[PDB]
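No lab work stands behind these numbers, since they all come straight from the coordinates. Quick reminder, even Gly has a Cβ in these numbers, built from the backbone with ideal geometry, and neighbours come from all protein chains shown.
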Amino acid sequence: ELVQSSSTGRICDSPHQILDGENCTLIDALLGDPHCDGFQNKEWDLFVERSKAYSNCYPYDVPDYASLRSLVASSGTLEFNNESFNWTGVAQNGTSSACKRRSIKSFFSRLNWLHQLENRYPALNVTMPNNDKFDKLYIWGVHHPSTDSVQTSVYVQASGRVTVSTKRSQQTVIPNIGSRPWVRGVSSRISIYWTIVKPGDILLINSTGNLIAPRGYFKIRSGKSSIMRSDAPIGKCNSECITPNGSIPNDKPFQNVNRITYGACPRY
Amino acid sequence: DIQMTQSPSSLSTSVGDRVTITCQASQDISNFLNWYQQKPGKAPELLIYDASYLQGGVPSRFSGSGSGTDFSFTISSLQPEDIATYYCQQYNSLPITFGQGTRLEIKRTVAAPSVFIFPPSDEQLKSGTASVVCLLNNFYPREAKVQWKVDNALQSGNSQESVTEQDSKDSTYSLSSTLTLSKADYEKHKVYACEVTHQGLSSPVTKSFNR
Amino acid sequence: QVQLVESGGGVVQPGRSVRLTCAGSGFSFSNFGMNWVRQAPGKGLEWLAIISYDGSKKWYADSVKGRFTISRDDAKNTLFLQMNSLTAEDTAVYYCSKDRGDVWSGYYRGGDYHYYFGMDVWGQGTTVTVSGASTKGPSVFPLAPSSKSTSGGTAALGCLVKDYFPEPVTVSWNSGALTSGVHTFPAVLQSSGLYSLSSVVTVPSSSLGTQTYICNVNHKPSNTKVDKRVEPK
Ligand SMILES: *[C@@H]1O[C@H](CO[C@@H]2O[C@H](CO)[C@@H](O[C@@H]3O[C@H](CO)[C@@H](O)[C@H](O)[C@@H]3O)[C@H](O)[C@H]2NC(C)=O)[C@@H](O)[C@H](O)[C@H]1NC(C)=O
Ligand SMILES: *[C@@H]1O[C@H](CO)[C@@H](O[C@@H]2O[C@H](CO)[C@@H](O)[C@H](O)[C@H]2NC(C)=O)[C@H](O)[C@H]1NC(C)=O
Ligand SMILES: *[C@@H]1O[C@H](CO)[C@@H](O)[C@H](O)[C@H]1NC(C)=O
């Protein structure tokens, strides 16, 4: 008679494909944190983030974190298709000590840190057509140096400017030079942004410094997948309903265990 | 909820010596640790941030080091303008917690206190109360034990003491313990004694009166 | 000039609300957060609360959570701290400090936006006193010298400034003419809610019969000046 109030305590890996977060969140796996290299091109129906997760790369920030977290979560895939942009006149594959991959200075595997090339840095203009029948998700960023000498030593430009535009939208970011508290031995930050390119629309980038260029796109779609914050371990069982407190049988008409759920779950 | 332990609670060095105070955190806080200076009566002043870096305008004699759980704070050459209490603060997670504090003092006096006793004045008796004042003048170190005796019986809970800062000349402390009683309870007894236990004293000194 | 000036500190009755104000000039205030820190008399520094740059990130200490609420006014560049249901432990010098947090210095961990950093700019601190006592002038009593207050060639005498409120009191001897050998001790808070201290001075024992010794006690909260002559018994 009374509605269900008990959970098994674990989340069943069936029938829904459950990709677990462990030390990696969806955004760190999206950017390519070295300790998240095992999540490349991996799909899911429900991605579960853990409280023990942590970042171990370059200190960054995402201004609108939630919307970018919900875009990748609803698509249910981290499929990345590399694209060759014409970064003529600049150097690529910038690395840092705060992002160690295989005990070597590295960077976000999905980002290309453009820096100076022989004390020369031209106004980069590149385009990308998007000839497909689906939306593309480009992940780019803007680097915030610590002092004016770092801004000069890396880009040889007194003021940086970055602009990412399409046929519908445009995004302009200005780097803010200043001293940040040291994080993994770095007094600098990076601001991560994104731009959706619809079919038939062209991507455009006019940057005169501090560009964290992308290496490609992700296949985005408003699918059925989602994301959930939970610490309950994943067990070997089947269960049509899933809650942050664990899997739940969907036989009773209601349930009072948590307001968040996924699947054919009776009302909370 | 991260605990910050700071040792020692106080120390005493001369001018020109190397002073080193530390700070131990209850868990790994990486380099998210800061050091402040609080001169007497003023507000805290930031000196070391991110464990290792020195804030602008601060002399080079100051420095910090450490990562994880143990951090150190070092003054290569102590100066008279460095007499203050230094704290350590974290920011690894919420809540942000401070340290206990470490007071800087001066050594090398090691002189015994001068003990005096003051019976309650006749004007205070008229008001209905009675306060016997015991004085420990110019002594070092700070550690001092003052016990009250009313007709040879040890007292407790009915006295209060206050200590001055180190004198700017001889670096000695002064203490004043106040035994508070009503006049009715004061006139019930005859001998009121103040026994003082200090390191510089061979035997405990007891000053007393009658009535 | 980068400064932080605060006000709103005063004597307030227990169980009543108090609003602390802190405004600063000389820097981009809407570009950092702010912190509150109090210091109990003679005790160490206790941290209290934090606001981020946009007021969306706030955190209260567990000893303070629920009781106090912290607010921000960027239009006037002013920081606030509402204090409700004040108990006796809240007697402390409340300081105003800076986040040291650039809006962009928000490095992400797993899911923790790590905006909280140290404090680089401090205020002056307003004295906030919570008690049910009222304004009163102290009762000064002489600590007369005698044979029990003689060490070698000197003699000890003083005055007992007992039962006043609130702090502070200023004590001088002979209108400031006698300064050497004077020890005015920090006041103690007796269980009656009033303050009390003693101010002693060591003088030559050969001048007790001729020299006049007068302590000058002044307590501006009660507008009372007292001059007591300390004479031998
Ligand atoms: C998420 O991270 C998991 C990390 O597991 C930890 O890995 C470290 C690697 O060094 C182990 O550190 C040890 O620490 C000991 C002292 O505490 C040293 O004596 C020892 O030499 C070694 O350095 C640590 O024991 C280990 N376990 C912990 C911290 O409980 C990893 O296991 C997961 O696979 C990873 N999940 C991912 C990547 O999805
Ligand atoms: C990005 O830079 C390119 C550099 O050529 C711009 O291309 C031309 O910009 C001028 C600006 O006055 C226009 O008049 C031309 O029509 C542009 N195209 C060509 C083929 O010359 C481009 O416009 C810049 N991006 C944006 C959004 O303006
Ligand atoms: C940069 O790194 C990528 C990573 O695979 C590699 O493919 C590429 O050849 C490197 N060099 C350039 C110029 O992109």
Which value in deg cm²/dmol, rounded to the nearest 500, describes the helix-derived mean residue ellipticity at 222 nm for chain A, given -39,500 (n - 2.57) per DSSP H run of n ≥ 4 and division by the residue count?
-> -2500 deg cm²/dmol
What FRET efficiency comes out for the pair A:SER103/B:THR69, r = Cβ-Cβ distance, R0 = 22 Å, nearest 0.05?
-> 0.35
Listing B:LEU11, A:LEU204 from the residue with the fewest other Cβ atoms within 10 Å to the one with the most, what is the order?
-> B:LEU11, A:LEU204
Which whole number in µm²/s is D for chain C by Stokes-Einstein, with the Kirkwood Rh taken over Cα pairs at 4 °C and 1.567 mPa s?
-> 62 µm²/s
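Can you give me the Rg/Rh ratio for chain B, using Cα atoms for both radii and the Kirkwood formula for Rh?
Over the Cα atoms of chain B, Rg/Rh equals 1.12.
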Mean Cβ neighbour count within 10 Å, used as a protection proxy, ranking A:23-33, C:43-53 highest first = A:23-33, C:43-53
With a bin width of 10 angstrom, please list the P(r) values of segment C:3-130 as percents of all Cα-Cα pairs, from the 0 bin to the one holding the largest distance.
-> 13, 46, 31, 9, 1
Exercise: per-residue mean of other protein chain Cβ atoms within 10 Å, C:44-54 | 3
Once you have all Cα-Cα distances for segment C:139-230, histogram them in 10 Å bins from zero and send the whole-percent values.
-> 16, 50, 26, 8, 0
What average number of partner chain Cβ atoms lie no more than 10 Å from the Cβ of the residues making up C:140-146?
-> 6
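With a 10 Å Cβ neighbour count serving as the proxy for reagent exposure, in which order, fewest first, do B:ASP122, B:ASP82 appear?
B:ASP122, B:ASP82
Within 10 Å, Cβ to Cβ, of C:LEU194, how many net charges do the neighbouring residues add up to if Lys/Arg are +1 and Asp/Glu are -1?
Residues near C:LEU194 contribute +1 overall.
Count, for each residue of C:149-156, the Cβ atoms from other chains sitting within 10 Å of its Cβ, then give me the mean as a whole number.
3
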Per the Kirkwood formula on distinct C-alpha pairs, the Rh of the protein assembly as shown is how many angstrom?
-> 30.7 Å
Using 7 Å Cα-to-Cβ label points, what is the B:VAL110/C:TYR113 separation (nm, one decimal)?
-> 5.9 nm
Grab the eigenvalues of the alpha-carbon gyration tensor for segment A:95-245, scale each by 5, take roots, and send me the semi-axes largest first in whole angstrom.
-> 33, 24, 13
extent check for segment B:154-211: Cα max minus min per principal axis, descending, whole Å, gives 42, 24, 18
One would report the Cα pair-distance distribution of chain A, bin width 5 Å, in %, as 1, 6, 12, 15, 16, 14, 12, 9, 7, 5, 3, 2, 1, 0, 0, 0
Can you give the Rg to Rh ratio for segment C:33-97, taking only C-alpha atoms and Rh from Kirkwood?
-> 0.97
Based on the mean of other Cβ atoms within 10 Å per residue, sort peptides C:26-32, B:21-27 so the most packed one is first.
-> B:21-27, C:26-32
